[PDB]
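Taking the form deposited in one PDB entry, here's one chain by itself in structure tokens.
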């Protein structure tokens, strides 16, 4: 079959806690060994990342980029490496702070009461 193998996955370097401004851009890279190459995944608040919004895109292998970091994005990102020899993860937190943005109050919504005749 396979004579000799790299071994268990080991994250030599990954994402580190960094501060970013609102509507900014925070990048995260996850490095891990293992043959075949380990699969770098992403999870937000213990949930599978939503790689559907233009905001989140994958430029390279394991390299993810999230543009337009909103205040609601303030979460803890974690990397996951799956391999036929083992699996490892990493810790990383991202904070979003508003700066240079004007007051953005809520939208004027009504209780859906009865309409005004006159």
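Residue numbers count along the first chain shown, from 1.
Below: the form deposited with a partner chain bound, not depicted.
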4.5 Å heavy atom contact, residue 60 to its partner chain in the deposited bound form: yes
Residue 26 within 4.5 Å of its partner chain in the deposited bound form, heavy atoms: yes
Residue contact check: residue 13 to its partner chain in the deposited bound form, 4.5 Å heavy atom: yes
Contact flag, residue 65 vs its partner chain in the deposited bound form, heavy atom cut 4.5 Å: yes
Stretch in contact in the deposited bound form with its partner chain, which is absent here, among 71-79, 27-35, 41-49, 87-95 (heavy atoms within 4.5 Å): 27-35
